[PDB]
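What's in start36.txt: compact mmCIF, C-alpha atoms and all ligand atoms
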# COMPACT_ATOMS: atom_id res chain seq x y z
CA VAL A 1 108.52 91.83 111.13
CA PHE A 2 108.25 95.36 109.76
CA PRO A 3 105.21 97.66 109.85
CA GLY A 4 103.07 97.15 106.78
CA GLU A 5 101.76 99.91 104.54
CA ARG A 6 98.83 100.33 102.16
CA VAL A 7 99.51 98.59 98.83
CA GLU A 8 97.25 98.83 95.79
CA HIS A 9 96.95 95.35 94.23
CA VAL A 10 100.13 94.23 95.97
CA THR A 11 99.88 90.82 94.24
CA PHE A 12 102.88 89.66 96.24
CA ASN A 13 103.33 86.48 94.21
CA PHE A 14 106.45 85.41 96.15
CA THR A 15 106.48 83.07 99.14
CA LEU A 16 107.15 84.44 102.63
CA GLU A 17 108.87 82.93 105.67
CA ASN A 18 108.81 86.01 107.91
CA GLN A 19 106.74 85.62 111.06
CA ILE A 20 104.53 88.71 111.29
CA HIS A 21 103.41 91.60 109.09
CA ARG A 22 101.84 93.79 111.77
CA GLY A 23 100.06 96.78 110.27
CA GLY A 24 97.94 96.38 107.16
CA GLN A 25 95.51 98.29 104.95
CA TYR A 26 95.83 96.43 101.63
CA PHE A 27 93.09 98.06 99.57
CA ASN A 28 92.27 96.10 96.41
CA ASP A 29 94.60 93.21 97.21
CA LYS A 30 95.43 90.74 94.43
CA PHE A 31 97.44 88.02 96.18
CA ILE A 32 97.89 84.94 93.99
CA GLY A 33 99.72 81.65 94.39
CA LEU A 34 101.69 82.51 97.53
CA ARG A 35 102.85 79.73 99.93
CA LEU A 36 103.07 81.13 103.52
CA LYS A 37 104.72 79.08 106.27
CA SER A 38 105.05 80.57 109.82
CA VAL A 39 103.41 83.89 108.80
CA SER A 40 100.99 86.06 110.77
CA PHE A 41 98.99 89.22 110.07
CA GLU A 42 98.02 91.39 113.04
CA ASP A 43 96.17 94.72 113.08
CA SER A 44 95.71 94.41 109.31
CA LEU A 45 92.86 95.56 107.08
CA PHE A 46 91.64 94.08 103.79
CA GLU A 47 89.09 95.68 101.46
CA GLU A 48 88.11 94.21 98.06
CA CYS A 49 91.02 91.79 98.56
CA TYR A 50 91.31 88.60 96.52
CA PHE A 51 93.21 85.40 97.33
CA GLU A 52 93.66 82.87 94.51
CA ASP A 53 95.68 79.98 95.96
CA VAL A 54 97.55 79.95 99.28
CA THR A 55 99.05 76.77 100.74
CA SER A 56 99.15 78.34 104.18
CA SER A 57 100.51 76.24 107.05
CA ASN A 58 101.01 77.33 110.67
CA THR A 59 99.77 80.80 109.64
CA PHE A 60 96.86 82.52 111.37
CA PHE A 61 95.01 85.84 111.15
CA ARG A 62 94.60 87.97 114.29
CA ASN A 63 92.81 91.32 114.52
CA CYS A 64 92.08 91.31 110.78
CA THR A 65 89.14 93.40 109.56
CA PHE A 66 88.19 91.76 106.28
CA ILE A 67 85.59 93.66 104.26
CA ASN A 68 84.29 92.40 100.90
CA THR A 69 86.92 89.67 100.57
CA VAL A 70 86.76 86.58 98.35
CA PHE A 71 89.30 83.79 98.86
CA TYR A 72 88.36 81.28 96.11
CA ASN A 73 90.79 78.36 96.72
CA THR A 74 92.56 78.61 100.08
CA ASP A 75 93.68 76.59 103.08
CA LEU A 76 91.97 79.03 105.46
CA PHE A 77 89.48 77.61 107.97
CA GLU A 78 88.33 78.47 111.48
CA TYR A 79 91.22 76.27 112.62
CA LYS A 80 93.75 78.53 110.87
CA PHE A 81 91.75 81.72 111.53
CA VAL A 82 91.82 83.40 114.95
CA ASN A 83 89.02 85.62 116.27
CA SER A 84 88.69 88.85 114.29
CA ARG A 85 86.10 90.99 112.52
CA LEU A 86 84.89 89.58 109.19
CA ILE A 87 82.09 90.98 107.03
CA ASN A 88 80.96 89.91 103.55
CA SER A 89 83.70 87.26 103.43
CA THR A 90 83.25 84.24 101.17
CA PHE A 91 85.12 80.92 100.95
CA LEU A 92 84.13 79.48 97.57
CA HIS A 93 86.42 76.43 97.64
CA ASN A 94 88.80 74.72 100.06
CA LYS A 95 91.53 72.06 100.07
CA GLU A 96 92.52 69.16 102.28
CA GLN B 1 74.92 92.51 88.23
CA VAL B 2 76.08 89.72 85.82
CA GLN B 3 73.27 87.52 84.56
CA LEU B 4 74.06 83.88 85.12
CA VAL B 5 72.48 80.98 83.26
CA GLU B 6 71.79 77.51 84.74
CA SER B 7 70.92 74.23 82.91
CA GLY B 8 71.27 70.45 82.54
CA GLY B 9 68.99 68.90 85.19
CA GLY B 10 67.00 65.63 84.96
CA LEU B 11 67.59 61.83 85.05
CA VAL B 12 70.80 60.21 83.80
CA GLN B 13 71.83 56.56 84.21
CA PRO B 14 75.10 55.56 85.94
CA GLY B 15 77.52 55.06 83.08
CA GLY B 16 75.84 57.86 81.11
CA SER B 17 76.61 61.55 81.25
CA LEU B 18 75.26 65.06 81.39
CA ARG B 19 76.61 68.40 80.28
CA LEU B 20 75.72 71.11 82.71
CA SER B 21 76.74 74.31 81.11
CA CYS B 22 77.21 77.61 83.07
CA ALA B 23 76.91 80.77 81.05
CA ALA B 24 76.82 84.44 81.75
CA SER B 25 76.33 87.81 80.15
CA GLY B 26 76.65 91.48 81.08
CA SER B 27 79.33 93.29 83.07
CA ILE B 28 81.98 90.60 82.54
CA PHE B 29 85.55 91.70 83.06
CA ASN B 30 87.94 88.74 82.82
CA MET B 31 85.89 87.00 85.52
CA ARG B 32 86.56 83.79 87.31
CA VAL B 33 83.99 81.88 85.32
CA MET B 34 81.45 79.91 87.29
CA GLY B 35 82.50 76.81 89.18
CA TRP B 36 80.19 74.10 90.52
CA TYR B 37 78.48 73.26 93.88
CA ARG B 38 76.06 70.52 95.16
CA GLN B 39 73.13 71.53 97.35
CA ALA B 40 71.67 68.75 99.58
CA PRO B 41 68.33 68.62 101.48
CA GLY B 42 70.34 69.88 104.52
CA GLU B 43 71.29 73.60 104.38
CA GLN B 44 74.82 73.33 102.82
CA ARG B 45 76.55 73.53 99.35
CA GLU B 46 79.38 71.03 98.69
CA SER B 47 82.13 72.17 96.33
CA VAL B 48 82.42 70.14 93.16
CA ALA B 49 84.99 71.66 90.90
CA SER B 50 86.37 74.71 89.07
CA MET B 51 88.37 75.55 85.84
CA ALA B 52 87.43 79.20 86.25
CA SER B 53 90.86 80.81 85.78
CA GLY B 54 93.75 80.13 83.48
CA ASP B 55 94.00 76.53 82.37
CA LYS B 56 94.29 75.12 85.86
CA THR B 57 91.80 73.37 88.03
CA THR B 58 90.82 72.24 91.43
CA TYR B 59 88.41 69.36 91.77
CA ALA B 60 87.09 68.16 95.11
CA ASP B 61 88.52 64.85 96.21
CA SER B 62 84.95 63.69 96.73
CA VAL B 63 84.29 63.97 92.97
CA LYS B 64 87.46 62.16 91.74
CA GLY B 65 86.48 60.33 88.50
CA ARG B 66 82.91 61.72 88.74
CA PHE B 67 82.88 65.46 87.94
CA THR B 68 85.10 66.99 85.21
CA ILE B 69 85.33 70.70 84.36
CA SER B 70 86.22 72.29 81.02
CA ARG B 71 86.10 76.06 80.30
CA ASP B 72 85.78 78.27 77.20
CA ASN B 73 86.48 81.91 78.24
CA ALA B 74 85.90 83.16 74.65
CA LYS B 75 82.28 82.29 75.48
CA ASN B 76 82.12 83.03 79.24
CA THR B 77 80.99 79.45 79.84
CA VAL B 78 81.92 76.40 81.97
CA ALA B 79 80.94 72.86 81.20
CA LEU B 80 80.49 70.25 83.84
CA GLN B 81 80.81 66.81 82.44
CA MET B 82 78.97 64.57 84.79
CA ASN B 83 79.99 60.92 84.74
CA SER B 84 80.18 57.93 87.17
CA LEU B 85 76.77 58.89 88.46
CA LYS B 86 76.28 56.47 91.27
CA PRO B 87 72.45 56.41 92.10
CA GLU B 88 72.61 57.84 95.60
CA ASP B 89 74.63 60.92 94.63
CA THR B 90 71.91 63.27 93.54
CA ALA B 91 71.91 67.04 94.12
CA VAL B 92 70.96 70.48 92.94
CA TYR B 93 73.91 71.76 90.97
CA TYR B 94 74.88 75.42 91.17
CA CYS B 95 77.03 77.92 89.18
CA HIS B 96 79.21 80.22 91.37
CA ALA B 97 80.72 83.29 89.63
CA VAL B 98 83.39 85.68 90.89
CA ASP B 99 83.63 89.29 89.65
CA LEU B 100 87.22 90.49 89.39
CA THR B 101 86.38 94.10 88.39
CA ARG B 102 87.67 97.54 89.41
CA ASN B 103 85.15 97.94 92.20
CA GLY B 104 86.59 94.84 93.88
CA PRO B 105 85.30 91.26 94.28
CA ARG B 106 81.58 90.45 93.93
CA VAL B 107 79.94 87.06 93.61
CA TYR B 108 76.89 85.69 91.89
CA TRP B 109 74.82 82.51 92.25
CA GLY B 110 72.21 80.88 90.06
CA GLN B 111 69.04 79.09 91.29
CA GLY B 112 70.61 75.68 90.48
CA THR B 113 69.40 72.60 88.54
CA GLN B 114 68.35 69.20 89.90
CA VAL B 115 70.15 66.09 88.75
CA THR B 116 68.84 62.64 89.50
CA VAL B 117 69.86 59.18 88.40
CA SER B 118 68.05 56.78 86.02
CA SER B 119 68.10 52.95 86.62
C1 LIG C 201 77.48 93.07 102.41
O1 LIG C 201 77.28 94.27 101.68
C2 LIG C 201 75.92 94.46 101.27
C3 LIG C 201 75.88 95.71 100.43
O2 LIG C 201 76.95 96.59 100.77
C4 LIG C 201 75.00 94.53 102.49
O3 LIG C 201 73.65 94.54 102.03
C5 LIG C 201 72.82 95.41 102.82
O4 LIG C 201 72.54 94.86 104.10
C6 LIG C 201 71.74 95.74 104.91
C7 LIG C 201 71.67 95.11 106.28
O5 LIG C 201 72.90 95.24 106.98
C8 LIG C 201 70.37 95.92 104.26
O6 LIG C 201 70.13 97.32 104.12
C9 LIG C 201 68.85 97.58 103.49
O7 LIG C 201 69.03 98.49 102.41
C10 LIG C 201 67.82 99.12 101.99
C11 LIG C 201 68.05 99.69 100.61
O8 LIG C 201 66.89 100.41 100.22
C12 LIG C 201 67.47 100.18 103.03
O9 LIG C 201 66.11 100.56 102.90
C13 LIG C 201 67.74 99.67 104.47
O10 LIG C 201 68.89 100.30 105.02
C14 LIG C 201 67.86 98.13 104.55
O11 LIG C 201 68.30 97.83 105.86
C15 LIG C 201 70.32 95.21 102.91
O12 LIG C 201 70.32 93.81 103.12
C16 LIG C 201 71.52 95.59 102.04
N1 LIG C 201 71.39 96.95 101.55
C17 LIG C 201 71.84 97.33 100.35
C18 LIG C 201 71.62 98.77 100.00
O13 LIG C 201 72.40 96.55 99.59
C19 LIG C 201 75.21 93.33 103.41
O14 LIG C 201 74.50 93.52 104.63
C20 LIG C 201 76.69 93.13 103.71
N2 LIG C 201 76.89 91.92 104.50
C21 LIG C 201 76.62 91.85 105.81
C22 LIG C 201 76.89 90.53 106.47
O15 LIG C 201 76.19 92.81 106.44
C1 LIG C 202 105.57 87.75 89.99
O1 LIG C 202 106.00 89.10 90.03
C2 LIG C 202 107.13 89.31 89.20
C3 LIG C 202 107.72 90.69 89.46
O2 LIG C 202 106.69 91.64 89.25
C4 LIG C 202 106.74 89.13 87.74
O3 LIG C 202 107.96 89.33 87.01
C5 LIG C 202 107.88 90.40 86.05
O4 LIG C 202 107.34 90.00 84.80
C6 LIG C 202 107.13 91.10 83.90
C7 LIG C 202 106.26 90.93 82.67
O5 LIG C 202 106.94 90.04 81.79
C8 LIG C 202 108.44 91.82 83.57
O6 LIG C 202 108.28 93.01 82.80
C9 LIG C 202 109.34 92.04 84.79
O7 LIG C 202 110.71 92.37 84.51
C10 LIG C 202 109.30 90.92 85.84
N1 LIG C 202 109.86 91.43 87.09
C11 LIG C 202 110.60 90.68 87.92
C12 LIG C 202 110.96 91.31 89.24
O8 LIG C 202 110.96 89.55 87.63
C13 LIG C 202 106.18 87.73 87.54
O9 LIG C 202 105.64 87.56 86.23
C14 LIG C 202 105.09 87.41 88.57
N2 LIG C 202 104.72 86.01 88.47
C15 LIG C 202 103.47 85.57 88.66
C16 LIG C 202 103.29 84.08 88.68
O10 LIG C 202 102.52 86.33 88.80
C1 LIG C 203 92.24 95.41 116.83
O1 LIG C 203 92.69 96.31 115.83
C2 LIG C 203 92.01 97.58 115.86
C3 LIG C 203 92.54 98.38 114.69
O2 LIG C 203 92.98 97.54 113.64
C4 LIG C 203 92.24 98.27 117.21
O3 LIG C 203 91.42 99.43 117.26
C5 LIG C 203 92.22 100.62 117.04
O4 LIG C 203 92.74 101.12 118.28
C6 LIG C 203 93.55 102.30 118.13
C7 LIG C 203 94.08 102.64 119.50
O5 LIG C 203 95.05 103.68 119.44
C8 LIG C 203 92.71 103.42 117.52
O6 LIG C 203 93.54 104.56 117.31
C9 LIG C 203 92.11 102.97 116.20
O7 LIG C 203 91.24 103.98 115.69
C10 LIG C 203 91.33 101.67 116.39
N1 LIG C 203 90.81 101.20 115.11
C11 LIG C 203 89.65 100.54 115.00
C12 LIG C 203 89.27 100.13 113.61
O8 LIG C 203 88.95 100.29 115.97
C13 LIG C 203 91.86 97.34 118.36
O9 LIG C 203 92.26 97.93 119.60
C14 LIG C 203 92.54 95.98 118.21
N2 LIG C 203 92.10 95.08 119.26
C15 LIG C 203 92.87 94.11 119.75
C16 LIG C 203 92.26 93.26 120.83
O10 LIG C 203 94.02 93.92 119.35

Translate the structure of the given file into C-alpha cells.
Amino acid sequence: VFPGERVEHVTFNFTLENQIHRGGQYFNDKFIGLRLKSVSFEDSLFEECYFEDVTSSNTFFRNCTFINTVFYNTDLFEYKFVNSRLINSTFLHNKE
Amino acid sequence: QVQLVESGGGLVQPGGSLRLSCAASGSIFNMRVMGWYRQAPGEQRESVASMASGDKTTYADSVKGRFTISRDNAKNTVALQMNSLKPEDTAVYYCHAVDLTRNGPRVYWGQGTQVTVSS
C-alpha cells in the first residue's frame, strides 16, 4: 500500500488488487465500474463521493468517515463494512 | 430541490399491465433518473429496478419477469412496465432520484403510488 492523497473526481475506473490504500480524503469522488478484490481503505475520508457499480469481494472499510455519500448499485453491506463513522449515507440498490 | 412526479396506481389484473411513469423537473443536471422501490405495510422499501444511467440496467432478482424498466433521458422520465402481477404482490411504488451535480450527491423521493391487483 502507499499513502493516499486527495483526488478530485478520481473516477479510478480500473480494477485494483492492492491490499490497502491507507490515507484518504477523496473529495467529490466519482468511482464507477471498479472491481476490487482483496482491497481495504483505512483512515480514509469521503465527501460527496459517488459509487456506481463495484463488485467488491473480500474488501472492507475501516475507519472511513463517509459524509454525503451515495452508492447506488454496490456489493457493500454491514457484512463487508467494518465499524466506522457514516453520516448521510444511502444505499439505493444492492446485488446478490 | 428537483420536483419529482409520481403516478400509475390502482387495480390491474394478473396478465394485464400498468405504466408507472417517473418524471421530474427543475435543477436537473444529467441525473440518475428515478428508479423504483416497493413499500410494504412493514417499515421497509424493497428495490425493484433501475435504468437510470446509460443504457444499462439492474433489476432485482425478486422481480424477474415482473418489473421492466425503460428510460427516456431526453424527457427526464422512467417508465415501469408492470406485468405478471400475481395477486398477493401489491405495494406502494416509489420513484428514487439521484442528483449528480457540482455540489455533490443529493437524493429525492416521491410520496409513492399504490398498486393493487384486479381478479
Ligand atoms: C444530512 O444533512 C442534512 C443537511 O445538511 C441534515 O439536516 C439537518 O439535520 C439537523 C439535525 O442534525 C436539523 O437541523 C435543524 O435545522 C434548522 C434549520 O432552521 C435549525 O433551526 C436547527 O439547527 C434544527 O436542528 C435538520 O434536520 C436539518 N437542518 C438543515 C438546515 O437542513 C441531516 O441531519 C444530515 N443527516 C444526519 C443523519 O444528521
Ligand atoms: C477510464 O479512464 C481512461 C483513462 O482516463 C479513459 O481513457 C481515456 O479516454 C479518453 C476520451 O476518449 C481519451 O482522450 C484518453 O486518451 C484515454 N486515456 C487512457 C489512459 O486510455 C476511459 O475512457 C475510461 N473508461 C471508462 C469506462 O470510464
Ligand atoms: C480513525 O481515523 C481518525 C482520522 O481519520 C483518527 O483521528 C485522528 O487522529 C489523529 C491523531 O494524530 C489526529 O491528528 C486527527 O486530527 C484525528 N482526526 C479525526 C477526524 O479525528 C482516529 O484516531 C482513528 N481511530 C482509529 C480507532 O483508528

Counting only C-alpha atoms, collect the residues of chain A whose closest atom lies at most 10 Å from chain B, and write them out as a PDB file with C-alpha atoms, in the frame of the given file.
ATOM      1  CA  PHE A  27      93.090  98.060  99.570  1.00  0.00           C
ATOM      2  CA  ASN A  28      92.270  96.100  96.410  1.00  0.00           C
ATOM      3  CA  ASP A  29      94.600  93.210  97.210  1.00  0.00           C
ATOM      4  CA  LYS A  30      95.430  90.740  94.430  1.00  0.00           C
ATOM      5  CA  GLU A  47      89.090  95.680 101.460  1.00  0.00           C
ATOM      6  CA  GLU A  48      88.110  94.210  98.060  1.00  0.00           C
ATOM      7  CA  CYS A  49      91.020  91.790  98.560  1.00  0.00           C
ATOM      8  CA  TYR A  50      91.310  88.600  96.520  1.00  0.00           C
ATOM      9  CA  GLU A  52      93.660  82.870  94.510  1.00  0.00           C
ATOM     10  CA  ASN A  68      84.290  92.400 100.900  1.00  0.00           C
ATOM     11  CA  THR A  69      86.920  89.670 100.570  1.00  0.00           C
ATOM     12  CA  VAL A  70      86.760  86.580  98.350  1.00  0.00           C
ATOM     13  CA  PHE A  71      89.300  83.790  98.860  1.00  0.00           C
ATOM     14  CA  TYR A  72      88.360  81.280  96.110  1.00  0.00           C
ATOM     15  CA  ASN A  73      90.790  78.360  96.720  1.00  0.00           C
ATOM     16  CA  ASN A  88      80.960  89.910 103.550  1.00  0.00           C
ATOM     17  CA  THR A  90      83.250  84.240 101.170  1.00  0.00           C
ATOM     18  CA  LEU A  92      84.130  79.480  97.570  1.00  0.00           C
ATOM     19  CA  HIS A  93      86.420  76.430  97.640  1.00  0.00           C
ATOM     20  CA  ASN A  94      88.800  74.720 100.060  1.00  0.00           C
ATOM     21  CA  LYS A  95      91.530  72.060 100.070  1.00  0.00           C
ATOM     22  CA  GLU A  96      92.520  69.160 102.280  1.00  0.00           C
TER      23      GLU A  96
END

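Interatomic distance, atom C8 of ligand LIG 201 (chain C) against atom CA of residue A:87: 13.0 Å.
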
With only C-alpha atoms and all ligand atoms counted, collect every polymer residue having an atom within 10 Å of ligand LIG 203 (chain C); state the result as a short mmCIF file (atom, residue, chain, number, x, y, z; two decimals) with C-alpha atoms, keeping the file's coordinate frame.
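Just written: selection-v7.cif:
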data_model
loop_
_atom_site.label_atom_id
_atom_site.label_comp_id
_atom_site.auth_asym_id
_atom_site.auth_seq_id
_atom_site.Cartn_x
_atom_site.Cartn_y
_atom_site.Cartn_z
CA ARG A 22 101.84 93.79 111.77
CA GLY A 23 100.06 96.78 110.27
CA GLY A 24 97.94 96.38 107.16
CA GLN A 25 95.51 98.29 104.95
CA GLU A 42 98.02 91.39 113.04
CA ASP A 43 96.17 94.72 113.08
CA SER A 44 95.71 94.41 109.31
CA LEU A 45 92.86 95.56 107.08
CA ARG A 62 94.60 87.97 114.29
CA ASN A 63 92.81 91.32 114.52
CA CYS A 64 92.08 91.31 110.78
CA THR A 65 89.14 93.40 109.56
CA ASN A 83 89.02 85.62 116.27
CA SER A 84 88.69 88.85 114.29
CA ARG A 85 86.10 90.99 112.52
#

Emit as JSON the padded axis-aligned box for all listed atoms of ligand LIG 202 (chain C), 5 Å per side, with centre and edge lengths in Å to one decimal.
{"center_x": 106.7, "center_y": 88.5, "center_z": 85.9, "size_x": 18.4, "size_y": 18.9, "size_z": 18.2}

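Proximity to residue B:115 was assessed for B:3, B:27, B:16, B:8 counting only C-alpha atoms; the smallest distance is recorded for B:8.
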